[PDB]
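These notes concern the structure reproduced below.
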Amino acid sequence: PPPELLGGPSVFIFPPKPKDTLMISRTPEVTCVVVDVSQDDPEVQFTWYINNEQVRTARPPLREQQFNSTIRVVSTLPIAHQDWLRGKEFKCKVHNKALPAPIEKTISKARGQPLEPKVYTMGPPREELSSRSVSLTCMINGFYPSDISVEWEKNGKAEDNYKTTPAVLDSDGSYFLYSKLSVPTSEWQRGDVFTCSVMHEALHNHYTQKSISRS
Amino acid sequence: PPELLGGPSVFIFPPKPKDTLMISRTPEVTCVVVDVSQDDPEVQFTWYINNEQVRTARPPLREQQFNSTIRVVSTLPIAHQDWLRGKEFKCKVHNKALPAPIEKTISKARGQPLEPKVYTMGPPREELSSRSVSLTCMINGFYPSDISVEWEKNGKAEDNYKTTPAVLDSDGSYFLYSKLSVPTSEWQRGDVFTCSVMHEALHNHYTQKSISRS
Ligand SMILES: *[C@@H]1O[C@H](CO)[C@@H](O[C@@H]2O[C@H](CO)[C@@H](O[C@@H]3O[C@H](CO[C@H]4O[C@H](CO)[C@@H](O)[C@H](O)[C@@H]4O[C@@H]4O[C@H](CO)[C@@H](O[C@@H]5O[C@H](CO)[C@H](O)[C@H](O)[C@H]5O)[C@H](O)[C@H]4NC(C)=O)[C@@H](O)[C@H](O[C@H]4O[C@H](CO)[C@@H](O)[C@H](O)[C@@H]4O[C@@H]4O[C@H](CO)[C@@H](O)[C@H](O)[C@H]4NC(C)=O)[C@@H]3O)[C@H](O)[C@H]2NC(C)=O)[C@H](O)[C@H]1NC(C)=O
Ligand SMILES: *[C@@H]1O[C@H](CO)[C@@H](O[C@@H]2O[C@H](CO)[C@@H](O[C@@H]3O[C@H](CO[C@H]4O[C@H](CO)[C@@H](O)[C@H](O)[C@@H]4O[C@@H]4O[C@H](CO)[C@@H](O[C@@H]5O[C@H](CO)[C@H](O)[C@H](O)[C@H]5O)[C@H](O)[C@H]4NC(C)=O)[C@@H](O)[C@H](O[C@H]4O[C@H](CO)[C@@H](O)[C@H](O)[C@@H]4O)[C@@H]3O)[C@H](O)[C@H]2NC(C)=O)[C@H](O)[C@H]1NC(C)=O
């Protein structure tokens, strides 16, 4: 017994990944997803706008049959990095015969003066040194907007064994988060250097890093 | 199960960890019904614990919404141990517009509870030139994710702290960090600050860790 789809399709819009918007070598994209498209009225057209001016995307929509007997259609719009970072509004309008009227969704970066992250590394608590692994902490305070990218390296090589908290709204309207890298105690004790790297739009060259090793 | 488009929807919410973990408080499970129509405003709730029907003394609260709908809230006070021992709480929602009653269930995450490891860390040396410094409480290795974290100075509750959501770690336990912002002058003169944690895996459901310059 398939869905009745009495309301017709629904549309959702998604922002680009922060790392894509912050790296010139990458191509950030805004994405418009349409769900609950019926087999009977399967055709979907997208119109894209930037600040209410129509733009073209050179990528045809991706159409996918779903388990619940519906169709899902995805339109992707590659954008200029500064269009996003300068706060322009991106709009997608969706056309479908099952719709009483075209559906519009809009998205843009959070408004307000960007504020630079202050990045700090902290070593393992003394209590932890007796275990097989220790925790290295990267504290990242005072940034805005919340869009940010955090990674860890060792010897110019990416580290994988880390977890980062969601960004948290602080009392002054800025955001903070922490990232925790788990490393073998032997690596810490022998003097390996670990680096927290951060990308955010308010940083010079959108990049900063802070290192830490046993003293 | 027959789903009505535009009809009411139900969401169920767990008790607050601090309520569950303090014998003096009363934890409650909450059932919220939204998109209730003006034409059919009456909503009845039935509650169950492990499928045994129970009564709540709390009449449902009906509230008009800015979006022209009605929202109805039902609160079920529960025994601390019913939550902590993993019983299933079920709310069944009755409304004339619904083709069938809507049911939602909730229970504590299953698995051996694991005790949080609590650590405090002082401010980065770089902050010392500022008018305020950040004190960090790192809390690792706990399960389930239900936890309460506060800060004190001597014995009084502190202001100006924020705590991250719990994050799922690589070994399936959870961690979080809490940040307390204090005047640099207070830190420099050796004031004592305390990170306090309540979690079901702790002895007496409580532990704390202090931090000061000396
Ligand atoms: C039949 O089966 C269908 C398929 O299963 C099913 O379709 C689903 O319908 C749901 C609604 O009925 C719909 O639910 C929405 O989900 C939103 C989030 O979904 C993202 O994450 C999900 C996992 O949690 C994924 O499953 C989704 O695919 C989606 O994944 C994201 O996709 C984007 C675009 O691809 C992607 O970004 C892009 O990534 C690429 C790389 O791949 C590049 O980097 C691009 O640059 C980049 O653009 C993300 O990576 C990816 N994210 C993740 C996590 O993976 C959710 O946000 C929606 O909630 C909002 O709306 C509801 C109700 O309207 C509100 O109650 C709720 O509060 C939310 O409100 C929004 O909140 C915002 C602020 O927080 C606010 O700003 C917005 O304004 C506000 N929105 C509005 C206007 O309300 C929503 O729940 C779901 O996505 C569908 N599933 C899929 C797979 O599409 C269908 O329902 C079935 N039909 C029937 C009848 O059963
Ligand atoms: C008309 O207007 C109404 C009112 O705005 C709209 O109703 C909304 O509908 C949404 C869905 O359509 C629904 O979204 C779900 O949200 C939940 C989480 O919501 C919590 O957090 C929100 C903030 O982010 C709040 O706005 C919500 O009110 C809710 O807050 C929580 O409330 C709890 C009970 O009061 C409270 O419990 C406390 O702790 C215990 C309870 O037992 C103690 O007793 C204590 O006393 C309690 O206070 C929580 O602490 C409190 N939490 C917070 C953070 O404040 C979300 O989980 C859920 O997402 C699930 O499902 C979606 C799919 O829908 C899925 O994508 C997710 O993966 C996930 O599984 C829903 O998104 C809103 O909650 C709801 N808003 C309200 C106010 O009820 C209507 O939608 C509007 N109608 C139309 C047509 O537009």
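So you know, we letter chains A, B, ... as the sequences are listed, proteins then strands, and number each from 1.
Under a 3.5 Å cut-off, the side chain of A:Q209 and the backbone N or O of A:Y207 do not form any donor-acceptor pair. Distance alone, capped at 3.5 Å, is enough to place a donor-acceptor pair between the B:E127 side chain and the B:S134 backbone. With hydrogens and angles disregarded, a donor-acceptor distance shorter than 3.5 Å links the side chain of A:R214 to the backbone of A:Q189. Within the 3.5 Å criterion, the main-chain N or O of B:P17 finds no donor-acceptor partner in the side chain of B:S148. A distance-only check finds a donor-acceptor pair linking the side chain of B:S196 to the backbone of B:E150 [under 3.5 Å]. Judged by distance alone, the side chain of B:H80 and the main-chain N or O of B:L21 form no donor-acceptor pair under 3.5 Å. Put simply, the side chain of A:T185 gets close to the backbone of A:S131: a donor and an acceptor are under 3.5 Å apart. Using modelled atom types, no side-chain atom of A:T106 and backbone atom of A:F90 make a donor-acceptor pair closer than 3.5 Å.
Between A:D192 and A:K154 a salt bridge is recorded (basic side-chain N to carboxylate O distance below 4.0 Å). We find that B:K162 and A:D170 are not joined by a salt bridge, their nearest charged nitrogen and carboxylate oxygen being 4.0 Å or further apart. We find that B:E28 and B:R58 are joined by a salt bridge, their nearest charged nitrogen and carboxylate oxygen being less than 4.0 Å apart.
In this structure, B:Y48 and B:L76 have side chains that are not in contact, with every pair of non-hydrogen atoms separated by 4.5 Å or more.
Residues forming a side-chain hydrogen bond (donor to acceptor under 3.5 Å, both in side chains) with B:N160 (at least two apart in sequence, or on another chain): none. Shown here are the side-chain hydrogen bond (donor to acceptor under 3.5 Å, both in side chains) partners of A:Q82, two or more places apart in sequence or in another chain: A:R86. Not counting sequence neighbours, the partners of B:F142 by the ring pair (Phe, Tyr, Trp, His ring centres under 6.0 Å) test are B:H199.
Heavy atoms of other residues, nucleotides or ligands lying less than 6.0 angstrom from NZ of B:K18 number more than 12.
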